[PDB]
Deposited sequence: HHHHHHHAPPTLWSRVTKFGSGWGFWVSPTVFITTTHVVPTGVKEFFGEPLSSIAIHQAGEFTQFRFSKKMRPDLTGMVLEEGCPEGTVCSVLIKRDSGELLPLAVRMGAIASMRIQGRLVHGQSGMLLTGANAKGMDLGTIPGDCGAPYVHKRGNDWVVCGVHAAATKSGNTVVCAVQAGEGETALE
């Protein structure tokens, strides 16, 4: 069960969502990020280190944007078979945490764009607008983020998050 603090990290952004990994780091899926912008969260691009590959986008800000938060461990995906929760927020305000059995990390071609992804099977579906939602799992009693939601099969039973390489 994700604590409220962790839910508060999921942030509407562009055509989807992003996730505050720490006071300084914000991750999302590349194709939700709006283009031609010069100011993210009021910070000029000159003051943000932005890395973008395989549909995984990371902003490192120059200042503490969410000082309230602790820093979480970001991982390049999760161990195969691990059960993650996708922390979906809907525009309604409704919170839809989806449990997922994670498969293998693999590069994929999804509607053209190259995706450094990890597939997962849902164990209530994802919809257009949910991308950027974080994939998280617990380890001991720390929470870890391992990717951002990026796509799902036509069935909707299989989902893919992008991961950092």
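Absent C-alpha positions map to the deposited sequence ranges 1-6, 130-138, 181-188, in order along the chain.
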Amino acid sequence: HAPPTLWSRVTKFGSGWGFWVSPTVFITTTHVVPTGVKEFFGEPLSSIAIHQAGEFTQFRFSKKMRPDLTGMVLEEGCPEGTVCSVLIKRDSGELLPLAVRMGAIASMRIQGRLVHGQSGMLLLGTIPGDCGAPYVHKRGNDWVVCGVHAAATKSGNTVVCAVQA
From here on, numbers count along this sequence of modelled residues.
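Whichever C-alpha set is largest while still superposing within 1.5 Å between the two forms counts as the rigid core.
With 95-103 and 127-135 as candidates, the stretch whose CA atoms show the greater average offset from this form in 7 other deposited structures of this protein after a core fit is 127-135. Taking 147-155 and 8-16 in turn, the stretch whose Cα atoms are more displaced from the shown form in 7 other deposited structures of this protein following rigid core superposition is 147-155.
The mean Cα B-factor in the deposited entry runs higher for 136-144 than for the other of 136-144 and 60-68. Between 28-36 and 127-135, it is 28-36 that carries the larger average Cα temperature factor according to the deposited entry. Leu74: CA B factor in the middle third of modelled residues in this chain (values from the PDB entry). In this PDB entry, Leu122 carries a Cα temperature factor that places it within the middle third of its chain's modelled residues.
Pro23 sits in the lowest third of its chain by CA B factor, as recorded in the PDB entry. Ranked against the other modelled residues of its chain, the C-alpha B-factor of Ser155 as given in the entry falls in the highest third. Placement of the Cα temperature factor of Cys161 within the chain: middle third of the modelled residues, per the deposited record.
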